[PDB]
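A.B. asks: First the structure, which I've put down as structure tokens, then a few questions once you've had a look.
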Amino acid sequence: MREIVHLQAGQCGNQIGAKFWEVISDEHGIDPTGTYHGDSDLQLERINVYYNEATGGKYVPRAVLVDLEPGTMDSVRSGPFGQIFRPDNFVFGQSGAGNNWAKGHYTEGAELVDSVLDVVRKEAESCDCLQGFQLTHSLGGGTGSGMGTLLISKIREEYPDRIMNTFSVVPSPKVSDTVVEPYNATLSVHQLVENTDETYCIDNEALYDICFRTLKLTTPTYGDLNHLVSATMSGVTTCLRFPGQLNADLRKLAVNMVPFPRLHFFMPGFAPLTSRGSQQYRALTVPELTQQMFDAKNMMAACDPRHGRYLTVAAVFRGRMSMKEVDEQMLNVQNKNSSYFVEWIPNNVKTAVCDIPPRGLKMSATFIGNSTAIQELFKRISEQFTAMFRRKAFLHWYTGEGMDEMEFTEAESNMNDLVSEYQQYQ
Amino acid sequence: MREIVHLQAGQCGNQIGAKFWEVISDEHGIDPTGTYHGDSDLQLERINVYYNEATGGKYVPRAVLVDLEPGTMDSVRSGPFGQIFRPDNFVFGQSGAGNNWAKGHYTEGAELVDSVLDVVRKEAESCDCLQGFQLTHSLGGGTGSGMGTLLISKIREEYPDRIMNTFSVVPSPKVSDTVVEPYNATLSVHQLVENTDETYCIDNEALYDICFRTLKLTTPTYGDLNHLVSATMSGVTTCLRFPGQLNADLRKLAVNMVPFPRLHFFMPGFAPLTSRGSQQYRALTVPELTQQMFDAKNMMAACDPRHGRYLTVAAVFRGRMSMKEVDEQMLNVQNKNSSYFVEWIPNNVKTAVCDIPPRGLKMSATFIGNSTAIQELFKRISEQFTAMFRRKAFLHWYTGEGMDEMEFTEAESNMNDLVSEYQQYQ
Amino acid sequence: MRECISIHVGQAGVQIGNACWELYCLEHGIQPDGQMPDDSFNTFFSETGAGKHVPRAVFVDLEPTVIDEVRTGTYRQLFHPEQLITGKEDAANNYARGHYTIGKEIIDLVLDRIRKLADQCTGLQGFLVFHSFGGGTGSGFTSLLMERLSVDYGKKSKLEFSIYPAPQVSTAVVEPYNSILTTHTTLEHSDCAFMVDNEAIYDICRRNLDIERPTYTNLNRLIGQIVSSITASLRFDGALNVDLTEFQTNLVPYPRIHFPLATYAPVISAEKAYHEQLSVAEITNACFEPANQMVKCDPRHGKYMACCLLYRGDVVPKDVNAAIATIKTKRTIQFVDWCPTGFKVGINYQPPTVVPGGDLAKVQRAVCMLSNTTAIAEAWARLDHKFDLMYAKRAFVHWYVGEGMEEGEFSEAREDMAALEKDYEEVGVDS
Amino acid sequence: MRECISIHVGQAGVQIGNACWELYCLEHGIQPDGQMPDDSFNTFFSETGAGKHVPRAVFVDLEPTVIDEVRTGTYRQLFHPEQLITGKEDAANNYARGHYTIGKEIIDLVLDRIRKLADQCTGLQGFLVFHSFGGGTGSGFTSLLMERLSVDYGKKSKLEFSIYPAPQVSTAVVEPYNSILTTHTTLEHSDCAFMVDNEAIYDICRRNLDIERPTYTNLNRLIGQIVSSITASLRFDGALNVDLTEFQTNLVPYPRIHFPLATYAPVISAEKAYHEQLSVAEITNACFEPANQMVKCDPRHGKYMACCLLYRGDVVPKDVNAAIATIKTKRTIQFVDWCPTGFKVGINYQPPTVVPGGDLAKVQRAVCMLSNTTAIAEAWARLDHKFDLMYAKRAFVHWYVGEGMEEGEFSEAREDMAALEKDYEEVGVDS
Amino acid sequence: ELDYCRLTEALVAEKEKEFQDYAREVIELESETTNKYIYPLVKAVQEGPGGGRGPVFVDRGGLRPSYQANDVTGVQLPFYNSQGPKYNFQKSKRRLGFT
Ligand SMILES: Nc1nc2c(ncn2[C@@H]2O[C@H](COP(=O)(O)OP(=O)(O)OP(=O)(O)O)[C@@H](O)[C@H]2O)c(=O)[nH]1
Ligand SMILES: Nc1nc2c(ncn2[C@@H]2O[C@H](COP(=O)(O)OP(=O)(O)OP(=O)(O)O)[C@@H](O)[C@H]2O)c(=O)[nH]1
Ligand SMILES: Nc1nc2c(ncn2[C@@H]2O[C@H](COP(=O)(O)OP(=O)(O)O)[C@@H](O)[C@H]2O)c(=O)[nH]1
Ligand SMILES: Nc1nc2c(ncn2[C@@H]2O[C@H](COP(=O)(O)OP(=O)(O)O)[C@@H](O)[C@H]2O)c(=O)[nH]1
Ligand SMILES: [Mg+2]
């Protein structure tokens, strides 16, 4: 009914969505060939949000793969679920960006934006009533952040009355693995602040911190990092495809979380993360979900809400549960820690309960929290963008491709004003 | 009942005919010896549109194969389904046309035009009532287009009120393979504008684009190109020999296409074409196929309708299909894409439905659309003809054969009249 | 049905001809006695009642030492003995002697055997003549051979495969004297006329075929491969079939200009064929190299008028039109602005066949390009300079004049050569 | 489809393309005949239809004494015959001979061969080259090499692997004159440029690999491992991929600063492989040591401008990012004030391959670091001390002037290189 | 509709099996004397259905789809085997804690 067309940008985007598209494929019971091997009827009832009908009773995901390099386009073919994607959506080019934002946005990525825009129109105009789209990209790369912002800035004018979710992968202070990483990040936030409805800040440093302190894994491959991103992404668009006692669509989480259109940066988190030794020592209970939920160890961003204010808070639940324990626990944390929540909005939180739990599990929770404490993310990037730009670092890699030097001046001035807008709400 | 006599001109006509009678004999269930081995009675219920009765339960096509070099003629007779044709219809000269229009129109074609007119009059008298004719040729050489223009001009005056279908393969800019190629096309199109009822514009360059991007051909030889052109010819006049819910034969599809008698050049396209890999993910329904008929990638001409205005459209569907969809999807295209379509002719599109599908398929559709964008292919030919004629290129190969020099000037002036006439309808 | 007549003129004609006819017999599987151990042989061989084949070749010579080697060797039983025409005395490197004194004794015998061969033909596509500019009656008797053919036969094709005098290497002193007086005949009585000079074929055999010491047998095997690829569209089925009259009309811009340049690709050895692949695009780029050109002139100086190409083997029309697009993108090669579409393409399925004892290897994909350039004015003004440099002090004039031709006919060859080089200058100017 | 054409020039170049191309064959399992007993080989090998992998290398030399050993040794049947180019007379330790007089004769012949390889390339990542400053062709013709690929191929990548004179030992006397006169060519016509001097590779083998008497084969393997791990991410899948476009961007902040320092770790013997553990932490500390540095200069005097990392084997991003944290805390390693996050990380899966005769051991993990420093001006000022010392009494000046180059280029290439040392020093000053 | 789809799949598989029989017969007839030149024939039979460089899909009938979207070139994607170990999604789920 209300449908979402998935977008995938970059090597980070192609590996985020590859794990993401097989955990819904487990969620709706889909074999790697493509057919349906299910147990109940509720699984097949609402399946048209993400899947598309084919002949022979087969289903294909409604996603497009975008990259400027054929290197990781192979790995999404030879994966566990590579045969399930239609080959026409594998958009790729010949010359990459090479960890540069300027190559993707003007010179090299402008020839791939017109090819994929034809593709997404064919898989959108054929549908009944779109809710919107969803993007996965990284700000630490070239094609994810360079041309990925060109997909964002163009489809807004084409489809103005829609929704746009994104899981931005902004850089990290300690896990920084690109020399020109701030130049990619700083010049793309100015695109995200204007033409994006919802934004999630994904930090891999937060993914390692969860995997060591809470989950106790000796070898955290990117499979274990992409599954954690997918588990938050699956549980945030649940109530469209699964009926519930109090259902809530992504549009309902958007209207309650952004009181001003530029204040759209969130913090994701997930409820039950537990090591194998610690599995038998806990009971799945409604306070046990919300006790671990607000814990600062399990945030999926590199910022702590103790230094700032919880401007607005979400809660999305999965599993057969009651209404008083959802309500009495969360009024408790609103009252006891009254110094952190803001004062000029009472009843800061929207709640939602869905029925069907994720497979193997019987209860779960999901978090979306808009705060002033996420300005800790923006100040550390902007102190290092000006640090490089004061000595004119790597300027020939950006100026000679067509863009003048005044675009640097406005991109750091706008990002400075956004931080100054956050502060007066604290 | 309503009978069509088939005419083939030149080597290109003989190769086109070899596959065209190969694909529809299997459609009617005809063995290599020419007998009938059928499954349903509807196959033999109309066979007299294209075949003739013979003693002993055999049927022979009503076609004549006309060329000048007997080397390619023996390839037809020694071919797979070349033993079915009656040997009197192989009308051949003794020397070639030299890739020259004047040799085929003035010097050598004036002797072979008597032989073909004797045969075709003995075969047009056999039928009940003559519906019309067909003509397959190319404008790249002098065998198919030299006497091919002359044979039309003599039989048009003999048969004044008939239907005349011509399959033209006009020259292409990129896949040009003849130096004297614009001299053949520009001076012969004067005969296709004044004495021809309908014409299809085939481009070889568009045929490689479809066979490389879409149909997955590693080695696209001329057999597989000939498969596409014959399948387009089969789909247009499938209403002649097969009953349907809402049918449209060749005469009814013609008089609603041509608004003016000098505008009878169309662009074909075919829709359900898929590869070995993309066959399963594609679902054969009506709104799937109407995406690809109007897709600019699947045109059989090297002109883009986005640069021009669709003046009149046809669509001949096939298979057991629901009429509501065939109509709600086509009005959806007309209202959404309101920039291209003309304003002075509402409800532009003609419609036909046939019941029996092609074998191996459940549903099919054929696109025939006339627009103003065809003047791209005409001005490009005109400038290359004007460029060579300024320094009098190859003049001795035409002046000394029986025609003066002012026949080119009236060819250019009438060619200028056609391209300027297309502008005032835009 | 289609058939042609070969006219091998001169000592160069015999050595070329027995290189060509050795190639034709193994191509059609015919033993030296003429009997095999399908009408592919019909274009050149003639069938009798006993099961033999007689080649449609006439050998024109003025010295008996070059015919008696044919009558002694393995092919003594192949050729009909009345096809080998031998003069009593050689002109001995004299155009005038073979034009007015020696040549009219056997001019009746050549035209009589021409009548017999054309009588057997049901339809005659054209004639092929083989000769050299350097020699006496290879250039001299050929000049009056065309006069009788053009008057008697109106529009029958007559191809002139010639060997141009090399700019540096020569085996004569009167060699430029013989060449310029043949410009009168070829400008007037030739439908088409090729040329390759020996100095260019010398460069290729040293560096490509890896031969330290070649003779004219290794050169004439290469020229046999050029003619074989030309005529194989007449003899074998093709995806595109190109006849003899087809590319004749399509390369000439004017009746005064009928001089293409012939090149072949690939020409590699059987040890170097073990290393490099030979695709359609790889052999297309090789014909445009000024090093691999078989005429000592540089098309980089000049401008292409038209192009004819002849492909053989596992050749797909997809790869042909792909490689043509690459050539037009490079700016080192140019085309005239009055010929935007200058190419012509032909494909035959049969790969080129190799000779036993030859130098080349068997190749799937080969191409034989026929391009007409304005670079041929480079190799004419050099020869016109040397024809003027010798004749300034009026040398060797007494031998030619005393045989019957007047002294003013040398001045006639000056203006016709000067005007012809002016007609090539007006082609190269852009509008 | 991406691929790199190796362009080796000099007797250093032929002997280093002998060991680099021995590593590539066993890395992809290719026999010396060229036939294997995946598309990872497509960057360096070409596919004949018969199934032979012909390398895309251009060996360039001006003396026949080292090329003719390749045509005689084990890999005679692997290399294509026209890909090994040989002049007549060498430049004989001279810039002037190899640049203006001798080297201009084969400049047409070599760059005809790159056309046959580049037109074969449907997509080219960039050219790799190898040259030595000491020689004549490595200094003279290599300076005409970079000038005309700049004209012919505009925005292509031209990586450099150069051999610089050692600070004390040397194999020549006019080697400093050869070194300075190519500083201008590798400034305006080089994209990235590593340098390795042999003394700083001599000291590694005696103490690490435990070889008492190494020769150039025991050194040519070690540079072969550096070129392998740089291009390994082009050939092989990885958890994160890096290309030749990427590490150019993340290491070169200014067009006048394109001179890295190339290291490698670990390099240990088979007896020190049994004993010492090799984790990701224990190999990323070896690239920072001054003993394992491969140029005779110490980053402890300089400033780490940028860093690039290449990882091979069973390497986890947990151990990479843990040891990156530790090296940043220590104060013996310094960064500049305007590069706060100066790292680039690449990861591959297959461990590096061991070759017969190589004295290293089969290892699971390895690392190759390209850390640009300001301490590369240490080695430059030492040589410009010795150039002006040698130029003080105008010695060896008669050898260069008479060949065709002027004496004004002697003061030009020192004043050009004088201002480059000032630019490399002003970057290190903090704001 | 399901029966029609299964019938079409079976017909395509039968045609491919007929080609495989003919090609095996030709290779066995040609390799009677020596096997020095059978390599192009082995490459031709091992090319795979369609322009596919990746692994065949056994559950799908051996189909090899292609990926040719690169401007005007349309170069096929290459194939590289991975030294990285194969993982099971159930074991990854239990190890990450969603059990
Ligand atoms: N390309 C090529 N040219 C040849 C060959 N043989 C002879 N020539 C040319 O022929 C010229 C001399 O002519 P001859 O070989 O004596 O034969 P001719 O033309 O009949 O002259 P005469 O013997 O005097 O009658 C020389 O300048 C050569 O250039 C050959 O095998 N190949
Ligand atoms: N690093 C390194 N350098 C080498 C090696 N072999 C030779 N060289 C260098 O080669 C230089 C001498 O010049 P060559 O390479 O032998 O000869 P060339 O470059 O062709 O110059 P010409 O001798 O004039 O022809 C010396 O300065 C060495 O530094 C090697 O194996 N490794
Ligand atoms: N969370 C997450 N991060 C990733 C993934 N793949 C790569 N990254 C991060 O993205 C950076 C490299 O991304 P890159 O390949 O340049 O992205 P691209 O340029 O858009 O293709 C590295 O710093 C990684 O830490 C992934 O699958 N998940
Ligand atoms: N569509 C199509 N075009 C062809 C075919 N064969 C040749 N052509 C085109 O026709 C032109 C030459 O036609 P030609 O053989 O001379 O036709 P003819 O003069 O009637 O014998 C070339 O430009 C070719 O591109 C074919 O089988 N199909
Ligand atoms: Mg003679």
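Each chain in the structure tokens gets a letter, A, B, ..., in the order shown, and its residues are numbered from 1; ligands are numbered from 1 in order too.
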Identify, on the basis of only C-alpha atoms, every residue whose closest approach to region 129-131 of chain B does not exceed 10 Å; exclude the query and any residue fewer than 5 positions from it along the same chain; express the result as a ChimeraX atom specification.
C.D. replies: /B:1-5,49,124,159,161-164,250-251
A.B. asks: Determine which residues of region 181-320 of chain D DSSP labels as strand (DSSP E or B) from the backbone of this structure, then write them out as a ChimeraX atom specification.
C.D. replies: /D:194-196,240,254,257,262,265,269,304-306,309-312
A.B. asks: Just the residues within 9 Å of residue 166 (chain C), please, counting only C-alpha atoms, with nothing from its chain fewer than 6 positions along; format it as a list in words.
C.D. replies: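 The residues satisfying every condition are residues 197, 198, 199, 200, 296 and 379 of chain C.
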A.B. asks: So that I have them on file, write out the residues from the current selection with N, CA, C and O atoms, as a short mmCIF file (atom, residue, chain, number, x, y, z; two decimals), in the first residue's frame.
C.D. replies:
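Just written: selection_25.cif:
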```cif
data_model
loop_
_atom_site.label_atom_id
_atom_site.label_comp_id
_atom_site.auth_asym_id
_atom_site.auth_seq_id
_atom_site.Cartn_x
_atom_site.Cartn_y
_atom_site.Cartn_z
N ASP C 197 54.85 -0.25 -54.72
CA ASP C 197 56.25 -0.21 -55.10
C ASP C 197 57.08 -1.15 -54.23
O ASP C 197 56.71 -1.50 -53.11
N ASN C 198 58.22 -1.58 -54.78
CA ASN C 198 58.95 -2.70 -54.19
C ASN C 198 59.70 -2.29 -52.93
O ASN C 198 59.96 -3.13 -52.06
N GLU C 199 60.06 -1.01 -52.82
CA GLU C 199 60.79 -0.55 -51.63
C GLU C 199 59.93 -0.64 -50.38
O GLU C 199 60.45 -0.92 -49.29
N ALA C 200 58.62 -0.42 -50.50
CA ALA C 200 57.74 -0.55 -49.35
C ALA C 200 57.56 -2.00 -48.94
O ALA C 200 57.51 -2.31 -47.75
N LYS C 296 55.35 3.70 -50.63
CA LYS C 296 56.21 4.64 -49.93
C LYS C 296 55.67 6.07 -50.00
O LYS C 296 56.26 6.94 -50.64
N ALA C 379 54.51 10.77 -54.12
CA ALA C 379 55.34 9.85 -54.89
C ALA C 379 55.30 10.13 -56.39
O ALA C 379 55.94 9.39 -57.15
#
```
A.B. asks: Please find the residues of chain A near chain D - the criterion being any atom within 9 Å, counting only C-alpha atoms - and write them as a VMD selection string.
C.D. replies: chain A and resid 11 71 to 72 74 to 75 94 96 to 100 173 to 182 208 218 to 222 384 387 to 397
A.B. asks: Could you list, as a PyMOL selection string, the residues of chain E having an atom within 9 Å of chain D when counting only C-alpha atoms?
C.D. replies: chain E and resi 37+39-40+53-54+73+75-84
A.B. asks: Can I get the selected residues back with N, CA, C and O atoms, as a PDB file, in the first residue's frame?
C.D. replies:
```
ATOM      1  N   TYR E  37      44.790 -29.232 -28.720  1.00  0.00           N
ATOM      2  CA  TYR E  37      44.037 -28.116 -29.276  1.00  0.00           C
ATOM      3  C   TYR E  37      42.571 -28.115 -28.863  1.00  0.00           C
ATOM      4  O   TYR E  37      41.778 -27.370 -29.443  1.00  0.00           O
ATOM      5  N   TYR E  39      41.465 -26.964 -26.099  1.00  0.00           N
ATOM      6  CA  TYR E  39      41.233 -25.896 -25.127  1.00  0.00           C
ATOM      7  C   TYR E  39      40.222 -24.835 -25.563  1.00  0.00           C
ATOM      8  O   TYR E  39      39.411 -24.431 -24.710  1.00  0.00           O
ATOM      9  N   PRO E  40      40.223 -24.306 -26.800  1.00  0.00           N
ATOM     10  CA  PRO E  40      39.126 -23.394 -27.176  1.00  0.00           C
ATOM     11  C   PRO E  40      37.756 -24.044 -27.131  1.00  0.00           C
ATOM     12  O   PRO E  40      36.770 -23.375 -26.802  1.00  0.00           O
ATOM     13  N   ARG E  53      30.226 -14.050 -16.102  1.00  0.00           N
ATOM     14  CA  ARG E  53      31.523 -14.377 -15.530  1.00  0.00           C
ATOM     15  C   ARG E  53      31.428 -14.902 -14.106  1.00  0.00           C
ATOM     16  O   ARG E  53      32.365 -15.561 -13.641  1.00  0.00           O
ATOM     17  N   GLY E  54      30.324 -14.635 -13.412  1.00  0.00           N
ATOM     18  CA  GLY E  54      30.158 -15.084 -12.052  1.00  0.00           C
ATOM     19  C   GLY E  54      29.763 -16.540 -11.978  1.00  0.00           C
ATOM     20  O   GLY E  54      29.696 -17.259 -12.985  1.00  0.00           O
ATOM     21  N   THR E  73      30.245   1.796 -23.303  1.00  0.00           N
ATOM     22  CA  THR E  73      31.097   0.616 -23.400  1.00  0.00           C
ATOM     23  C   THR E  73      30.343  -0.651 -23.014  1.00  0.00           C
ATOM     24  O   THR E  73      30.326  -1.626 -23.774  1.00  0.00           O
ATOM     25  N   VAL E  75      30.974  -2.769 -20.375  1.00  0.00           N
ATOM     26  CA  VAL E  75      31.901  -3.843 -20.049  1.00  0.00           C
ATOM     27  C   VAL E  75      31.317  -4.712 -18.944  1.00  0.00           C
ATOM     28  O   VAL E  75      30.741  -4.211 -17.968  1.00  0.00           O
ATOM     29  N   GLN E  76      31.452  -6.026 -19.102  1.00  0.00           N
ATOM     30  CA  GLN E  76      30.964  -6.975 -18.112  1.00  0.00           C
ATOM     31  C   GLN E  76      31.781  -6.898 -16.826  1.00  0.00           C
ATOM     32  O   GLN E  76      32.980  -6.610 -16.842  1.00  0.00           O
ATOM     33  N   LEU E  77      31.115  -7.161 -15.705  1.00  0.00           N
ATOM     34  CA  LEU E  77      31.801  -7.179 -14.423  1.00  0.00           C
ATOM     35  C   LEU E  77      32.706  -8.408 -14.327  1.00  0.00           C
ATOM     36  O   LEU E  77      32.344  -9.483 -14.815  1.00  0.00           O
ATOM     37  N   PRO E  78      33.877  -8.284 -13.714  1.00  0.00           N
ATOM     38  CA  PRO E  78      34.789  -9.425 -13.580  1.00  0.00           C
ATOM     39  C   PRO E  78      34.356 -10.351 -12.446  1.00  0.00           C
ATOM     40  O   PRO E  78      33.323 -10.160 -11.810  1.00  0.00           O
ATOM     41  N   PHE E  79      35.176 -11.375 -12.206  1.00  0.00           N
ATOM     42  CA  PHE E  79      34.917 -12.367 -11.167  1.00  0.00           C
ATOM     43  C   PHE E  79      36.200 -12.644 -10.401  1.00  0.00           C
ATOM     44  O   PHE E  79      37.243 -12.899 -11.010  1.00  0.00           O
ATOM     45  N   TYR E  80      36.122 -12.601  -9.071  1.00  0.00           N
ATOM     46  CA  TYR E  80      37.260 -12.883  -8.202  1.00  0.00           C
ATOM     47  C   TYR E  80      36.800 -13.785  -7.067  1.00  0.00           C
ATOM     48  O   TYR E  80      35.811 -13.477  -6.394  1.00  0.00           O
ATOM     49  N   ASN E  81      37.513 -14.885  -6.848  1.00  0.00           N
ATOM     50  CA  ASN E  81      37.235 -15.725  -5.692  1.00  0.00           C
ATOM     51  C   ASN E  81      37.766 -15.076  -4.419  1.00  0.00           C
ATOM     52  O   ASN E  81      38.750 -14.333  -4.435  1.00  0.00           O
ATOM     53  N   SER E  82      37.105 -15.374  -3.303  1.00  0.00           N
ATOM     54  CA  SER E  82      37.400 -14.748  -2.022  1.00  0.00           C
ATOM     55  C   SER E  82      38.032 -15.759  -1.077  1.00  0.00           C
ATOM     56  O   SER E  82      37.523 -16.874  -0.919  1.00  0.00           O
ATOM     57  N   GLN E  83      39.142 -15.362  -0.449  1.00  0.00           N
ATOM     58  CA  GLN E  83      39.747 -16.172   0.602  1.00  0.00           C
ATOM     59  C   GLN E  83      38.964 -16.101   1.905  1.00  0.00           C
ATOM     60  O   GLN E  83      39.183 -16.936   2.789  1.00  0.00           O
ATOM     61  N   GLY E  84      38.078 -15.115   2.049  1.00  0.00           N
ATOM     62  CA  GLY E  84      37.249 -14.976   3.223  1.00  0.00           C
ATOM     63  C   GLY E  84      36.303 -16.143   3.409  1.00  0.00           C
ATOM     64  O   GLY E  84      35.691 -16.634   2.454  1.00  0.00           O
TER      65      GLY E  84
END
```
A.B. asks: Tell me, as a PyMOL selection string, which residues lie within 10 Å of residue 91 (chain B), counting only C-alpha atoms; anything in the same chain fewer than 2 positions away does not count.
C.D. replies: chain B and resi 64-68+70+73+87-89+93+112-113+115-116+119
A.B. asks: Output the selection as a PDB file, in the first residue's frame - N, CA and C atoms for each residue.
C.D. replies:
```pdb
ATOM      1  N   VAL B  64       7.176 -12.784 -54.319  1.00  0.00           N
ATOM      2  CA  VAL B  64       8.157 -12.736 -55.395  1.00  0.00           C
ATOM      3  C   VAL B  64       9.440 -12.124 -54.849  1.00  0.00           C
ATOM      4  N   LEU B  65      10.565 -12.734 -55.205  1.00  0.00           N
ATOM      5  CA  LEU B  65      11.874 -12.355 -54.681  1.00  0.00           C
ATOM      6  C   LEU B  65      12.686 -11.757 -55.823  1.00  0.00           C
ATOM      7  N   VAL B  66      12.888 -10.443 -55.783  1.00  0.00           N
ATOM      8  CA  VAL B  66      13.469  -9.693 -56.890  1.00  0.00           C
ATOM      9  C   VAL B  66      14.823  -9.147 -56.467  1.00  0.00           C
ATOM     10  N   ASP B  67      15.855  -9.471 -57.239  1.00  0.00           N
ATOM     11  CA  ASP B  67      17.190  -8.918 -57.047  1.00  0.00           C
ATOM     12  C   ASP B  67      17.919  -8.984 -58.383  1.00  0.00           C
ATOM     13  N   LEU B  68      19.186  -8.559 -58.378  1.00  0.00           N
ATOM     14  CA  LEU B  68      19.981  -8.512 -59.595  1.00  0.00           C
ATOM     15  C   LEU B  68      21.178  -9.452 -59.591  1.00  0.00           C
ATOM     16  N   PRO B  70      22.485 -13.122 -58.801  1.00  0.00           N
ATOM     17  CA  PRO B  70      21.976 -14.460 -58.462  1.00  0.00           C
ATOM     18  C   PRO B  70      22.762 -15.177 -57.376  1.00  0.00           C
ATOM     19  N   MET B  73      20.574 -15.168 -54.412  1.00  0.00           N
ATOM     20  CA  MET B  73      19.317 -15.855 -54.687  1.00  0.00           C
ATOM     21  C   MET B  73      19.424 -17.343 -54.377  1.00  0.00           C
ATOM     22  N   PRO B  87       9.193 -21.732 -58.175  1.00  0.00           N
ATOM     23  CA  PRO B  87      10.409 -21.223 -58.836  1.00  0.00           C
ATOM     24  C   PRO B  87      10.175 -20.102 -59.835  1.00  0.00           C
ATOM     25  N   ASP B  88       8.948 -19.907 -60.325  1.00  0.00           N
ATOM     26  CA  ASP B  88       8.696 -18.838 -61.287  1.00  0.00           C
ATOM     27  C   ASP B  88       8.807 -17.454 -60.664  1.00  0.00           C
ATOM     28  N   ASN B  89       8.715 -17.352 -59.340  1.00  0.00           N
ATOM     29  CA  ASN B  89       8.735 -16.061 -58.670  1.00  0.00           C
ATOM     30  C   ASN B  89      10.140 -15.507 -58.472  1.00  0.00           C
ATOM     31  N   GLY B  93      18.139 -10.498 -62.486  1.00  0.00           N
ATOM     32  CA  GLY B  93      18.912  -9.981 -63.594  1.00  0.00           C
ATOM     33  C   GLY B  93      20.213 -10.741 -63.778  1.00  0.00           C
ATOM     34  N   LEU B 112      14.190  -5.352 -66.387  1.00  0.00           N
ATOM     35  CA  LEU B 112      13.648  -6.281 -65.403  1.00  0.00           C
ATOM     36  C   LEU B 112      12.296  -5.841 -64.854  1.00  0.00           C
ATOM     37  N   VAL B 113      11.860  -4.612 -65.142  1.00  0.00           N
ATOM     38  CA  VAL B 113      10.552  -4.171 -64.677  1.00  0.00           C
ATOM     39  C   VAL B 113       9.438  -4.822 -65.490  1.00  0.00           C
ATOM     40  N   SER B 115       9.541  -8.027 -66.481  1.00  0.00           N
ATOM     41  CA  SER B 115       9.406  -9.399 -66.002  1.00  0.00           C
ATOM     42  C   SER B 115       8.616  -9.464 -64.702  1.00  0.00           C
ATOM     43  N   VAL B 116       8.896  -8.557 -63.763  1.00  0.00           N
ATOM     44  CA  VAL B 116       8.178  -8.564 -62.492  1.00  0.00           C
ATOM     45  C   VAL B 116       6.721  -8.154 -62.678  1.00  0.00           C
ATOM     46  N   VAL B 119       4.735 -11.205 -63.861  1.00  0.00           N
ATOM     47  CA  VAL B 119       4.487 -12.201 -62.822  1.00  0.00           C
ATOM     48  C   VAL B 119       3.466 -11.690 -61.811  1.00  0.00           C
TER      49      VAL B 119
END
```
A.B. asks: Identify all chain E residues at most 7 Å from chain A by counting only C-alpha atoms; ligands do not count. Present them as a PyMOL selection string.
C.D. replies: chain E and resi 2+5+59-60+66-67+69-70+77+79+96-99
A.B. asks: Report, in Å to a single decimal, how far apart CA of residue 298 (chain B) and CA of residue 165 (chain B) are.
C.D. replies: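 About the pair CA of residue 165 (chain B) and CA of residue 298 (chain B): they are 22.3 Å apart.
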